[PDB]
Amino acid sequence: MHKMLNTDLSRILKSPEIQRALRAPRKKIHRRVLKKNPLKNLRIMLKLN
Amino acid sequence: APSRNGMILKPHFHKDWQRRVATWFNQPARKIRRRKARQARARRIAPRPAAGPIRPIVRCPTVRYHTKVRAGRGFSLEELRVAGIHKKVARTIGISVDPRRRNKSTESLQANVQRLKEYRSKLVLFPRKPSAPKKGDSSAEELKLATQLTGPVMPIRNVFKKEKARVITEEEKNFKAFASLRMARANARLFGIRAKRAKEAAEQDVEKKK
Amino acid sequence: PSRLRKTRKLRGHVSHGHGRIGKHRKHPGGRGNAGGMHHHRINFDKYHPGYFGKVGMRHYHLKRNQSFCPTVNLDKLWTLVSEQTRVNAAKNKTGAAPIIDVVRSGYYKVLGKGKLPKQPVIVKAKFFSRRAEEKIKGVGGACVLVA
Amino acid sequence: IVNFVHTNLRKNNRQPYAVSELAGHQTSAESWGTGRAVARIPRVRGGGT
RNA sequence: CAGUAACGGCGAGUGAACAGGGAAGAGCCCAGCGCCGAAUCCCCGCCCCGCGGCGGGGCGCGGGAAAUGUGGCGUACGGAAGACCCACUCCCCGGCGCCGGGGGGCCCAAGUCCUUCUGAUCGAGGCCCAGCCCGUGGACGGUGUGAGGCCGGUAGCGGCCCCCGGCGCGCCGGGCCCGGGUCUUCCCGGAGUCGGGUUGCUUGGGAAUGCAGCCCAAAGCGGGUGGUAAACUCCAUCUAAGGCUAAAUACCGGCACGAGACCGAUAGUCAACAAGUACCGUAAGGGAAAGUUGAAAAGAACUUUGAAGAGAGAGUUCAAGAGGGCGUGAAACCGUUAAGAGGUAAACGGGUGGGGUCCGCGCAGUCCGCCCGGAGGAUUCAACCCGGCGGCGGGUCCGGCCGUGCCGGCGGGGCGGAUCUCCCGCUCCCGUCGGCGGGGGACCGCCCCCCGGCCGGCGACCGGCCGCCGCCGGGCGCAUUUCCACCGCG
RNA sequence: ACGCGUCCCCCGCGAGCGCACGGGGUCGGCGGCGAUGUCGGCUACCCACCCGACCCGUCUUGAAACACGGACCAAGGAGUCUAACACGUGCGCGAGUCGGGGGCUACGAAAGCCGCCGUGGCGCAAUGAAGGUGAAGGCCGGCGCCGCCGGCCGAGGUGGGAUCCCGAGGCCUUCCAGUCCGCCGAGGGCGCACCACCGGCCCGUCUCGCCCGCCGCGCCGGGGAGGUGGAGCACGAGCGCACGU
RNA sequence: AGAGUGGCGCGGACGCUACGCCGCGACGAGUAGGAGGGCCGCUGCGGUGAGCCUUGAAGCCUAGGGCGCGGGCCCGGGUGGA
RNA sequence: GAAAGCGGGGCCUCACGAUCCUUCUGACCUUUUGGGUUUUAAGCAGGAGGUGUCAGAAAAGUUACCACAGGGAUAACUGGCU
């Protein structure tokens, strides 16, 4: 006698109830920094202050 | 060297056990023999049951198994004689014989006089020659219809008589269950001490008079 | 299996998990339970208090069927019937009571544990402990004995 | 529950095998001892073969 | 049942039984008390049969055993005699014909068809529209590789011909004079043994579980047992001091057989081979090493150097780069050719340079779209009708099929429950009130099948008529459309 | 500091182009040398030079050691089966579970089946050397105290405890009401496991006191308050299989 | 990035063995001894590969060419003969 | 001692001893194997008999006739530090 009744989780994920109770996605990536020394570099230095 | 917490334990391998080890690799075509030479048995004894001479109604002893019933060794010599079958004729028609058994109650004695009529009736008995029967020998229609039996003959199953749902009377409810178990324990043990002092107190009244 | 065990991860290492200094050598403490009042003292007396000594009387040819006493509590004393002696008994007007025999379900002495489901009950039992009497009587039921 | 079973089931129609106990210990042998400059293993007792 | 109850410098350590449930199952004979004229046995001389288990019958003024006890009835479940009842024809010892397993041998389907690689094929490709042929035979082995159909078998309640039983059923021949229920009167059993005291071994048995010696040594309402010594006691349960008996169990020796998730010639038995053999020890005893040419011997005629082994050429083989201890043929260690180098023993790590060897298949240098100009090919693109198929919903077409969905039915059932009792078995009572059983009949649950009434599904589960838009074939369409291939430092 | 319409002390969508010290590099820049003698090739074979580098195993506070085994090469060569135990981890079923002996009927000596084959094992009950005993209570009536009569709820606290539940108030496109559907939320509620503390109930033992129950009226049986011994209760987690230490 | 009641051209890269991909920081000695992972090896048994082999299997040899930190493995050549 | 009090050994820091078996003391006590009356054994608690190698075996020598496993963790020489 079955543990879970609908194994079909391609289709359970996209029926009216599950897609009206989850926050929106974040599909953007944020790649790493190279710290331009603001004692040297101008507009880098005009951004701080 | 025991490490730490851990149960102490005594092995008996101090002898030379290996020289006496038993294994059962035989186990499968040792069964398949029994069953074969089992299967030989009753082709030899054709319309006689392979279930053999019939076993009596017998209890199991002691206070544990004394609620139970089982098959026994043989019918007592006051169960055969009352029914109307002799001890050396009973062997010659599937009825068990044992020279030792007892009759102490009449509640397991009436159960073994009726057992032998059930049987005597439902038996089918063949003629000495096929071409000339006699008097007690059965007809040639049963004997046509008659045939072998399989498994114990009239096998004893576990029995108990039922009881109803009853309105309790006003003196059942006025009966102690624990205090009547304790005043039967008290008077069984102390009756030896009781009777010698009802004697020694009644001994002194006889002496001071005379 | 002989592959998933420790001894494959050790073909290559020298001391094989029994030592550089003090090796695997035959029997360091004495075989079996040795040293019971000497050099394996502490242990014995700190996870097996009471191994060493006598107590009580000795009964010789002890036959254990005479000592034979099974047991059945209250909470679950209705566990010897079908689900038919209780639902029709609760339906009654004149006030009947079914007969639970305990000798029929391998029970000799009747014990006094939990609650009771409160509806009339006659109770056969070989031994009544003192709470099996007072729980069944206060609700309302007889206490018949058997041998 | 097919696999677990299928391993533990396929063992029981198997035959015994064994290597003998006579063999190896079917000589009268004995160690020569320290001295002679040999390894200390037991060696075989008396001959010219 | 239990690693228990019991032992144990109560330390290490050892260690049952009975009950419960199974396999196997089968039960009996004398000594003694006494009845029947020893009624009993052994050996020998002679004929008829007859047998390679000397047994069958007749005939002996033939010997012997035996009253210091042979045979018949008979032994504790009691046994016997006599009297009065009930019944009385089946029970064994051998031959003659009649009715179907255990051992030997002799026999039973189908390709060596058509091409093709080989030294040789058992290999590769085909054999239609009966998917070459047989398949109760596609286990195994052999045959110049690797075969269901080339040769042996394999299969099947298959075929024949010989040897020896086993049950059933007649015809002569032999025995055997036999069985149960009530009444009276008789009558009954193992001795230097049971039993103790002591001494030593034994056991889980503790003021001694079993065995033996030496001493003492019985009883007949008597004697053993009843797990702590004894006296005084009622109960409970067996008859000891003579004897036989099949099965269920065990089987590293013997005679045959069948297998293997084993080992593969320093393995596996000491032994794959002239092994318990060569050889060692006075003797008891100790005891190895050692498998392989090739498909076939086709095992190298003749010549030539040599006294001879060793050689040079001929030759067989697919090969001698397989040449009689001859499959493949590794390392250590040698010998000779090429290169390279060389006074701090050699060898090693990092880093570069020089020279070799091979290898790149290197020596005029990358493709992939769309776009534009200038030279052509091929009957060709949109659109419209003609058939076949999918993808889908017709937000409201018609049925049928499911359900870890229910609500009915005065519907035609299968097992379950420690729920209630009319017909009859058996049994104490005198056609009769009561008591324990062998089935039917109501009632409650658990489900199979059939008709109506609500819910859900066709995404582990459909069929038709519509409406759409998608491909793919056919017609028509005759080019400033559709694509093909090429050429321009575009 | 730079339109204007009103509040004041104090006198809510303009239009485009463009350059860059701006969330890690690209030329919308160039030149030689190419067929039998040259291109390339880190890798693997020989030589040469600069720097570094004592022989391995080993016991040992210490080994390059004047501590021991090692002349070279092949082939063999050492934590293993089975009987207990325990803790962890996978899996079936769950107050249960398990046929392991016994049965029935080529691969198979396998594999499906018994249930009135669960006898039996371990588990659901402790505690005493034993005889033996053997597991909640409250709150209102019939006579300010007993001995008995009815009716109701019930496995008892306090403190900390993953999450749920009630929702003062708000979540914008001209304004003024009005909602449904969701989410954000002051503080305030039922408290699952795991603990820390307080009360209680069953066996054993210790000290104090008065009444019960009776076919057998006792050297007979049963109740009550406070210490104390335990491998105990207190709405259960065990049993069979496999793996590892 | 809320939902209502009133005043010409049929076109737009990769992905996600979810036991996979991707994303931003801090650290990385080890003898006795623990633990994980091994698309590291060696021999046997069930499954699978419409696997491969006399047009040349296994083993060996190789100043031939490639693969991973590593254990080890892939391809050129010659032998060999199932 | 009048009374507050104080006393369960020496004013405080040492003067002492386990399993088993052997003794005595305690009660209208449990048991004595089928049931019962009397001798008799066995237990439950609390003291004593003692282990001084004092966490607690029951034990004398010799080897220049000698033996095995080991030690430079251990002496007889050199060298070293002093």
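By Swiss-Prot numbering, chain C shows 2-148, in order.
Structure method, as recorded: electron microscopy, 3.2 Å.
Yeah, the Cβs are placed from backbone N, Cα and C, and that goes for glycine too.
Some features that Swiss-Prot has for this protein:
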- C:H39: (3S)-3-hydroxyhistidine (MOD_RES)
- C:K47: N6-acetyllysine (MOD_RES)
- C:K55: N6-acetyllysine (MOD_RES)
- C:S68: phosphoserine (MOD_RES)
- C:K110: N6-acetyllysine (MOD_RES)
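In this set, none of the modified residues among C:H39, C:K47, C:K55, C:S68, C:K110 has a C-beta falling under 8 Å from a C-beta of chain B. Reduced to three states, the DSSP call for C:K110 (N6-acetyllysine) is strand. When the Cα atoms are compared, C:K110 (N6-acetyllysine) and C:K55 (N6-acetyllysine) turn out to be 32 Å apart.
In this structure, of the modified residues C:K47, C:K110, the smallest number of CB atoms within 10 A of the CB marks C:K47. You'll find the Cα of C:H39 ((3S)-3-hydroxyhistidine) roughly 14 Å from the Cα of C:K47 (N6-acetyllysine). The DSSP secondary structure for the residue listed as '(3S)-3-hydroxyhistidine' is coil. DSSP assigns C:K47 (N6-acetyllysine) to a helical segment in the three-state reduction.
When secondary structure is read from DSSP and collapsed to three states, C:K55 (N6-acetyllysine) falls in the coil class. A gap of 34 Å separates the Cα atoms of C:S68 (phosphoserine) and C:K47 (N6-acetyllysine). For the pair formed by C:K47 (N6-acetyllysine) and C:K55 (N6-acetyllysine), distance between Cα atoms is given as 19 Å, rounded to the nearest Å. Neighbour counts were taken as the number of other C-beta atoms within 10 angstroms of each residue's C-beta; across the modified residues C:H39, C:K55, the minimum falls on C:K55.
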